[PDB]
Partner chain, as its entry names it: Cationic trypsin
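Have a look below at one chain only, the form deposited without the partner chain, in structure tokens format.
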């Protein structure tokens, strides 16, 4: 079971770099990783990782979550 804030629906539509910094400030246990929308990721579960999926303009398009 993870601790701290688990999802950031409010960051959809923000620049990926800005989102990553907010995420890491708001939950000190996680690393945000900015990747293109649709990028293949490992199918494991972690409490210290937040995928930040962005469109071709570098803007967050999926809700970042701890996973």
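Positions refer to the first chain, counted from 1.
This next part talks about the form solved in complex with the partner chain, which is not shown.
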I'd like to know if residue 35 sits close to the partner chain in the deposited bound form, meaning any non-hydrogen atom pair within 4.5 angstroms. no
Spell out, yes or no, whether the shortest heavy atom distance between residue 57 and the partner chain in the deposited bound form is within 4.5 Å. no
With the cut-off set at 4.5 Å between non-hydrogen atoms, does residue 15 touch the partner chain in the deposited bound form? no
Could you tell me if residue 21 has a non-hydrogen atom within 4.5 Å of the partner chain in the deposited bound form? no
